[PDB]
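Peer 1: Quick one: the structure is below, and I'll ask about it shortly.
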Amino acid sequence: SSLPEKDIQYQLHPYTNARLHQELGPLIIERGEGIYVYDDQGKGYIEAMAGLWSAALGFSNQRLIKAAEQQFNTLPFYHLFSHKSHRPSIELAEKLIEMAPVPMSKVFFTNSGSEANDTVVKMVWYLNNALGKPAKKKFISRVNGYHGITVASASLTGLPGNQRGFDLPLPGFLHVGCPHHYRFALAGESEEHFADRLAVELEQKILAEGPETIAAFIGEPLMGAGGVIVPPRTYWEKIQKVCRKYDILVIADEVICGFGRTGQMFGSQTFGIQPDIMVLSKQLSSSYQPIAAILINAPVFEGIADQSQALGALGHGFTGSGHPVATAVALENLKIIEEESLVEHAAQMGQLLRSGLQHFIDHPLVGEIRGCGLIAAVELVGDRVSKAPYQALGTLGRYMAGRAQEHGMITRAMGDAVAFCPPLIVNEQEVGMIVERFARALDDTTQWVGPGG
Amino acid sequence: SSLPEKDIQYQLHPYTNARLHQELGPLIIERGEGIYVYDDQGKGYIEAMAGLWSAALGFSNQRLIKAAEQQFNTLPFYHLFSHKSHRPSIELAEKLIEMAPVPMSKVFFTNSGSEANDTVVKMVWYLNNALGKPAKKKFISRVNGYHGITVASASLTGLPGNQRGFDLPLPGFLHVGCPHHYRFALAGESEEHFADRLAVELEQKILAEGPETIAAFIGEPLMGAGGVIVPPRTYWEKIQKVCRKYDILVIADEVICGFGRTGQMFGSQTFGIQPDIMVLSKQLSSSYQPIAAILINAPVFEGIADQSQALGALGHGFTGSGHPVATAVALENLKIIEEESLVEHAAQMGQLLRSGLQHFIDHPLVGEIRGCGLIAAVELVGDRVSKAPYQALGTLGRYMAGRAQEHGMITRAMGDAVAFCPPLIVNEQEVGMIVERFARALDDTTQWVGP
Ligand SMILES: Cc1ncc(COP(=O)(O)O)c(CNCCCCCC(=O)O)c1O
Ligand SMILES: *Cc1c(COP(=O)(O)O)cnc(C)c1O
């Protein structure tokens, strides 16, 4: 019984067509080193996604591995319930609060981004009950946002693939437009006027729903899984004025943007967001351990704290909340990002990545090249004027990604956009290789389609 | 500035009164070894809870620590999305399926129990939509059950502490009786007749709701966080006959019971449960890594698989699903439990624990002593005839737990019950020490309550 046969036999894979998987089986990844991973045939791939937008320090950072060992050999597991605590969680929470781009009060730890956002939802409901506003419960998020996949966080999420078949979203989870100019702007509309229209949409939703019923607005500073969607100029400024106008919390989902991905330490800095709550994960630990953190500002903490007293204790927490190994690894991870000036380095590598891709700006199949910092995407189209896909939506993206993999590079297609989110430690010449392999995949795709013109 | 001051300054603690925490600060745990943990003053405590019902191999197992190192140095992170895979997840899934107490088809991994049960809820909804039964969505769980704390898993949960202030439960999450004879039986009613009445309650709920609307029944074989509640004789047999009668899935939440806690490898074995779905965590990895697993049987998998094809892909998964380090650690963990025959050893230590606690059966504040295997609780009361609490429910439990800690033992109070769920590696004399420290806490509690 071979290893692929066992995988087919025993594992139900996430984000995978189960029947198709029974036919093709897995691609088994055996080992990692630097920005590379190698399959069970010995073939090497540049992991241009950093796994899942996450492996900031790459796939063989010994300092993270040692930090884990040291913590294992001290205290391999403990918890934070009932006043219990431990050093790694305490020092990580300290670090996170002091590096926060706006004044923050407290950290709450979870294992995952989905748990974190699920927890934010509950916290907001608990908060507003504590403040005597029991109607103020609804969340507003965006079409194509991704915020995880619990019953509640999938309701925040605005990708239909996370909702069809699942009876989601739940009631009370509202959606407004995807701020993607290329796709949803009217013909000859400015970024700024698009932003205006989106802010008016949101004010209109709030009034139709009754402002007293709206608790919070949540958004990724720029949307990751939904297509590396950079919001238009002035979006965040104008969306926030609306939120403050009706006393609505602003939650920044920084699970992908956090820790140097967008050219600065947080997407909230890059895009001028003053969030009341931040959600962090992925680069927090370069995914070497599962860990997420929620940062809450003073007003949010004080209301929650009052209620936890009235009710005896805060009735919430995961067994793994603040896990000493995961928190110890994250702490070292963050120190490395500081000590090696990887935010600034990522910004530079991001400029290289983008320039390299921009040699293809006038290619007949390239509709848009977008990104900032060290996150980017190239959205392919069948026709540039109409912006229509070749064959069905997704066809080009799937073909590109398959070619890229053939050429030793792992990228994820989101419809017809192919994404780049490489490790922060990527060096100049590695950026070159990434772009080369993108180009070879585009070439193959171009021969396959035969654009002519 | 000092480490407690930082914790107070920067951390919001789960299951903690936040204001009281701003006053007292934390109890900082610095290191662990065997069944013990030590605070930052050097004081040692027997961890009679095994942390959170979870640290099966204790707090310094080098084999788990090595397995982690070896995996870290091979592949420290990867994922299972889009047909990607890796050895540890594959070999763990294999092991879990082959050791399952009933035929199972597939494993799906999450980080936590709460995520797991949340995922089970979605899977059941996805399944029944696939089968063209869009009305069949409601879950039935029990009062005082605990199944985690996401918006959906907290709705499954039946402890009001997890719901007050959170606008839970959601609609479609139904609750039937806690199967706790001591509290809910009528006078002089047998365990068997109590079980009959509970099965009738469930059939009646199903009919009142419309059977076509009921997707699933979920239960911990015995309830952990709700008070170490052992169901009465014949409960599970009779509850299952009702569920099969209306084609209702039976989900066993084995997050605590799993891997030797109840005298056998699974609570499903100990209590005669034939679940369609099982949820595992905690002792899965001795909590050295965050990991949970869902085991689904063939019919559940086949329906989901069909739908994931129709819809392009199964639109669900956590970044950490099947994390190579966490799965590698769990795999080694399970091997150790087998190689060291810890299920059988835990059973023996459980007999010692329970007989040691029984010396207090006639104490004026002891209302009930319960448990099986290596899980147990002593429920204190202010008055044995009336079963009423001293002052208010929880007052005794909070005092006991504080005294136990003073006497070098960490136990958790669930209301006025104090629990025992020590590491499986606990030895005979350590069981004695646990019982002795319980006894010293009870003495203190007894003098405190006074005349
Ligand atoms: C039976 C059961 N099922 C699910 C979960 C959730 O696990 P997670 O914490 O999400 O990984 C649990 C968890 N147990 C911890 C006990 C907390 C209850 C409060 C208390 O101990 O008083 C369990 O047990
Ligand atoms: C991947 C992701 C999540 C969910 O994280 P998990 O740990 O996979 O639950 C949440 N938010 C964003 C923006 C993400 O990209």
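Chains: A, B, ... in order of the structure tokens. Residues: from 1 per chain. Ligands: from 1, in order shown.
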With only C-alpha atoms as the counted atoms, please give the residues lying no more than 10 Å from stretch 120-131 of chain A, apart from itself and same-chain residues fewer than 2 positions off, as number ranges by chain.
Peer 2: A: 108, 114-118, 133-139, 152-153, 156, 215-216, 249, 251, 277-279, 294-296, 299-308, 310, 314, 316; B: 149-151, 163-168
Peer 1: At a cut-off of 9 Å and counting only C-alpha atoms and all ligand atoms, what residues surround ligand 1? Please answer as a ChimeraX atom specification.
Peer 2: /A:81-82,111,315-321 /B:15,52-54,111-117,145-150,153,157,162,219-227,253-257,279-282,290-292,412-415
Peer 1: Can those selected residues be exported to a file as a compact mmCIF listing (two decimals), in the first residue's frame so that it contains C-alpha atoms?
Peer 2:
```txt
# COMPACT_ATOMS: atom_id res chain seq x y z
CA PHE A 81 -8.13 29.70 31.63
CA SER A 82 -9.02 30.85 35.16
CA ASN A 111 -5.61 28.69 16.95
CA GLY A 315 -17.48 32.15 28.94
CA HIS A 316 -15.16 31.65 25.98
CA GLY A 317 -11.78 30.11 25.15
CA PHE A 318 -10.10 27.38 23.16
CA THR A 319 -8.01 24.68 24.77
CA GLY A 320 -5.13 25.89 22.58
CA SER A 321 -5.63 29.61 23.19
CA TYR B 15 -12.84 31.69 31.23
CA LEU B 52 -7.45 20.73 30.23
CA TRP B 53 -8.42 17.05 30.39
CA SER B 54 -5.74 16.57 27.79
CA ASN B 111 -6.97 22.68 14.99
CA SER B 112 -9.58 22.61 17.74
CA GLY B 113 -12.53 20.67 19.06
CA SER B 114 -14.70 23.70 18.58
CA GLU B 115 -13.63 23.99 14.94
CA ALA B 116 -14.20 20.26 14.54
CA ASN B 117 -17.79 20.32 15.78
CA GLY B 145 -23.10 19.10 27.23
CA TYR B 146 -19.98 20.91 26.15
CA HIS B 147 -18.88 20.86 22.50
CA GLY B 148 -16.87 24.05 22.14
CA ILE B 149 -17.39 27.69 21.71
CA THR B 150 -17.65 28.90 18.17
CA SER B 153 -20.44 24.77 18.58
CA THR B 157 -23.07 23.27 23.99
CA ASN B 162 -21.32 29.64 27.28
CA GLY B 219 -23.24 13.67 22.67
CA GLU B 220 -20.14 13.16 24.74
CA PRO B 221 -20.27 9.51 25.82
CA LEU B 222 -19.94 10.94 29.29
CA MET B 223 -20.09 14.65 29.89
CA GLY B 224 -16.79 16.25 30.87
CA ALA B 225 -17.01 19.96 31.49
CA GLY B 226 -20.63 19.68 32.62
CA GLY B 227 -19.61 17.68 35.71
CA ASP B 253 -17.91 13.87 20.81
CA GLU B 254 -14.83 12.05 22.07
CA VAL B 255 -12.69 15.15 22.62
CA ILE B 256 -12.24 14.18 26.29
CA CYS B 257 -13.16 10.45 26.27
CA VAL B 279 -14.75 14.01 17.01
CA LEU B 280 -11.33 13.73 18.59
CA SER B 281 -8.77 16.07 20.17
CA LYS B 282 -6.85 16.69 23.38
CA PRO B 290 -3.36 21.96 18.60
CA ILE B 291 -5.10 19.34 16.56
CA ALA B 292 -8.52 17.78 16.30
CA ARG B 412 -11.20 22.43 38.08
CA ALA B 413 -14.57 23.07 39.62
CA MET B 414 -17.68 22.64 37.46
CA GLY B 415 -20.25 24.29 39.68
```
Peer 1: Enumerate as number ranges by chain the residues within 10 Å of ligand 2, counting only C-alpha atoms and all ligand atoms.
Peer 2: A: 52-54, 110-118, 145-150, 153-154, 156-157, 219-226, 252-258, 279-282, 287, 290-292; B: 110-111, 115, 316-321
Peer 1: If I take atom CA of residue B:76 and atom CA of residue A:29, how far is one from the other in Å, to one decimal?
Peer 2: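 That distance, rounded to one decimal, is 11.3 Å.
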Peer 1: Just to confirm, what's the straight-line distance from atom CA of residue A:446 to atom CA of residue A:397 in Å (one decimal)?
Peer 2: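 Interatomic distance here is 12.1 Å.
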Peer 1: Write out as a PDB file with C-alpha atoms, in the first residue's frame each polymer residue whose atoms come within 9 Å of residue A:143, counting only C-alpha atoms; drop sequence neighbours fewer than 4 positions from it.
Peer 2:
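Listed below is the output, part_4.pdb:
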```pdb
ATOM      1  CA  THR A 157     -16.785  35.619   4.074  1.00  0.00           C
ATOM      2  CA  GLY A 158     -18.291  36.838   0.761  1.00  0.00           C
ATOM      3  CA  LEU A 159     -17.097  34.135  -1.631  1.00  0.00           C
ATOM      4  CA  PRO A 160     -20.014  32.020  -2.798  1.00  0.00           C
ATOM      5  CA  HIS A 175     -22.619  42.105   2.314  1.00  0.00           C
ATOM      6  CA  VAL A 176     -21.769  45.167   0.275  1.00  0.00           C
ATOM      7  CA  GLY A 177     -19.718  45.541  -2.883  1.00  0.00           C
ATOM      8  CA  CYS A 178     -16.324  44.209  -3.758  1.00  0.00           C
ATOM      9  CA  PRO A 179     -14.060  47.247  -4.132  1.00  0.00           C
ATOM     10  CA  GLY A 226     -10.716  36.852  -3.385  1.00  0.00           C
TER      11      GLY A 226
END
```
Peer 1: Can you list every residue in stretch 229-334 of chain A that DSSP puts in strand (DSSP E or B), as a PyMOL selection string?
Peer 2: chain A and resi 229+249-253+277-280+292-296
Peer 1: Could you dump the residues just selected with N, CA and C atoms as an mmCIF file, in the first residue's frame?
Peer 2:
```cif
data_model
loop_
_atom_site.group_PDB
_atom_site.id
_atom_site.type_symbol
_atom_site.label_atom_id
_atom_site.label_comp_id
_atom_site.auth_asym_id
_atom_site.auth_seq_id
_atom_site.Cartn_x
_atom_site.Cartn_y
_atom_site.Cartn_z
ATOM 1 N N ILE A 229 -7.198 41.952 -4.304
ATOM 2 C CA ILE A 229 -7.959 43.119 -4.728
ATOM 3 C C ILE A 229 -7.538 44.321 -3.921
ATOM 4 N N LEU A 249 -18.199 49.639 14.676
ATOM 5 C CA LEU A 249 -16.821 49.187 14.834
ATOM 6 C C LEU A 249 -16.183 48.873 13.503
ATOM 7 N N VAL A 250 -14.886 49.126 13.411
ATOM 8 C CA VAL A 250 -14.109 48.846 12.204
ATOM 9 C C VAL A 250 -13.110 47.776 12.558
ATOM 10 N N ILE A 251 -13.250 46.626 11.909
ATOM 11 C CA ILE A 251 -12.413 45.457 12.186
ATOM 12 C C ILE A 251 -11.530 45.225 10.985
ATOM 13 N N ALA A 252 -10.226 45.258 11.189
ATOM 14 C CA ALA A 252 -9.296 44.991 10.101
ATOM 15 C C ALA A 252 -8.851 43.529 10.194
ATOM 16 N N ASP A 253 -9.140 42.745 9.157
ATOM 17 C CA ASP A 253 -8.679 41.371 9.084
ATOM 18 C C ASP A 253 -7.315 41.364 8.432
ATOM 19 N N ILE A 277 -10.483 46.839 16.149
ATOM 20 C CA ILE A 277 -10.086 45.442 16.352
ATOM 21 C C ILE A 277 -9.284 44.933 15.157
ATOM 22 N N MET A 278 -8.224 44.174 15.438
ATOM 23 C CA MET A 278 -7.392 43.598 14.398
ATOM 24 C C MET A 278 -7.307 42.102 14.602
ATOM 25 N N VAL A 279 -7.270 41.379 13.488
ATOM 26 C CA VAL A 279 -7.149 39.951 13.502
ATOM 27 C C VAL A 279 -5.885 39.556 12.763
ATOM 28 N N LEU A 280 -5.065 38.727 13.415
ATOM 29 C CA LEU A 280 -3.738 38.379 12.933
ATOM 30 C C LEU A 280 -3.531 36.876 12.966
ATOM 31 N N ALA A 292 -3.485 32.321 16.103
ATOM 32 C CA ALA A 292 -4.064 33.581 15.650
ATOM 33 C C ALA A 292 -4.175 34.477 16.878
ATOM 34 N N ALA A 293 -4.235 35.781 16.661
ATOM 35 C CA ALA A 293 -4.392 36.703 17.767
ATOM 36 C C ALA A 293 -5.377 37.795 17.394
ATOM 37 N N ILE A 294 -6.152 38.230 18.371
ATOM 38 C CA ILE A 294 -7.098 39.332 18.205
ATOM 39 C C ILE A 294 -6.606 40.485 19.045
ATOM 40 N N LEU A 295 -6.506 41.663 18.442
ATOM 41 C CA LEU A 295 -6.165 42.857 19.193
ATOM 42 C C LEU A 295 -7.422 43.694 19.331
ATOM 43 N N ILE A 296 -7.765 44.056 20.565
ATOM 44 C CA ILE A 296 -8.943 44.878 20.831
ATOM 45 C C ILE A 296 -8.561 46.170 21.523
#
```
Peer 1: Which residues come within 8 Å of residue B:285, counting only C-alpha atoms, excluding same-chain residues fewer than 2 positions away, as a PyMOL selection string?
Peer 2: chain B and resi 55+281-283+287-291+326+329-331+333-334
Peer 1: Atom CA of residue B:66 to atom CA of residue B:343: how many Å, to one decimal?
Peer 2: 22.8 Å
Peer 1: I'd like the contact shell of residue A:376 - 10 Å cut-off, only C-alpha atoms, skipping same-chain residues fewer than 6 positions apart - returned as a list in words.
Peer 2: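 These residues fall inside the cut-off: residues 224, 227, 228, 229, 230, 262, 350, 353, 354, 357, 369, 370, 417, 418, 419, 420, 421 and 422 of chain A.
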Peer 1: Do a neighbour search on residue A:404 at 8 Å with only C-alpha atoms, toss out local chain neighbours closer than 6 positions, and write the hits as a ChimeraX atom specification.
Peer 2: /A:410-411,437-438,440-441
Peer 1: For the selection just defined, write its residues with C-alpha atoms to a file, as an mmCIF file, in the first residue's frame.
Peer 2:
```
data_model
loop_
_atom_site.group_PDB
_atom_site.id
_atom_site.type_symbol
_atom_site.label_atom_id
_atom_site.label_comp_id
_atom_site.auth_asym_id
_atom_site.auth_seq_id
_atom_site.Cartn_x
_atom_site.Cartn_y
_atom_site.Cartn_z
ATOM 1 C CA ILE A 410 3.447 26.859 -7.011
ATOM 2 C CA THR A 411 0.909 29.599 -7.458
ATOM 3 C CA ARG A 437 8.534 30.854 -14.395
ATOM 4 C CA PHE A 438 5.451 33.010 -14.585
ATOM 5 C CA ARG A 440 7.156 30.420 -19.194
ATOM 6 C CA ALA A 441 3.663 29.559 -17.937
#
```
Peer 1: Need the shell around residue A:28: protein/DNA/RNA residues with any atom at most 8 Å away, counting only C-alpha atoms. Skip same-chain ones fewer than 3 positions apart. Format as an MDAnalysis selection string?
Peer 2: (chainID A and resid 4 39:40) or (chainID B and resid 84:87)
Peer 1: Write a file of the just-selected residues containing N, CA and C atoms, as a PDB file, in the first residue's frame.
Peer 2:
```pdb
ATOM      1  N   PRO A   4       0.389   7.574  -1.648  1.00  0.00           N
ATOM      2  CA  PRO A   4      -0.779   8.161  -2.306  1.00  0.00           C
ATOM      3  C   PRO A   4      -2.041   7.308  -2.139  1.00  0.00           C
ATOM      4  N   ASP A  39       8.704  17.558  -3.818  1.00  0.00           N
ATOM      5  CA  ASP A  39       7.723  16.477  -3.746  1.00  0.00           C
ATOM      6  C   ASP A  39       8.415  15.123  -3.526  1.00  0.00           C
ATOM      7  N   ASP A  40       7.618  14.062  -3.453  1.00  0.00           N
ATOM      8  CA  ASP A  40       8.157  12.734  -3.185  1.00  0.00           C
ATOM      9  C   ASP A  40       8.906  12.131  -4.374  1.00  0.00           C
TER      10      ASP A  40
ATOM     11  N   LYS B  84      -2.920  18.839  -2.343  1.00  0.00           N
ATOM     12  CA  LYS B  84      -1.605  18.746  -1.713  1.00  0.00           C
ATOM     13  C   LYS B  84      -1.727  17.839  -0.494  1.00  0.00           C
ATOM     14  N   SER B  85      -0.649  17.134  -0.168  1.00  0.00           N
ATOM     15  CA  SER B  85      -0.640  16.272   1.021  1.00  0.00           C
ATOM     16  C   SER B  85       0.773  16.093   1.553  1.00  0.00           C
ATOM     17  N   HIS B  86       0.895  15.360   2.654  1.00  0.00           N
ATOM     18  CA  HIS B  86       2.201  15.092   3.260  1.00  0.00           C
ATOM     19  C   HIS B  86       2.099  13.919   4.198  1.00  0.00           C
ATOM     20  N   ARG B  87       3.230  13.270   4.442  1.00  0.00           N
ATOM     21  CA  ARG B  87       3.227  11.966   5.125  1.00  0.00           C
ATOM     22  C   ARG B  87       2.545  11.922   6.504  1.00  0.00           C
TER      23      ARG B  87
END
```
Peer 1: Which residues in stretch 222-364 of chain B does DSSP call alpha helix (DSSP H)? List them as a ChimeraX atom specification.
Peer 2: /B:235-245,267-271,298-310,324-339,342-357
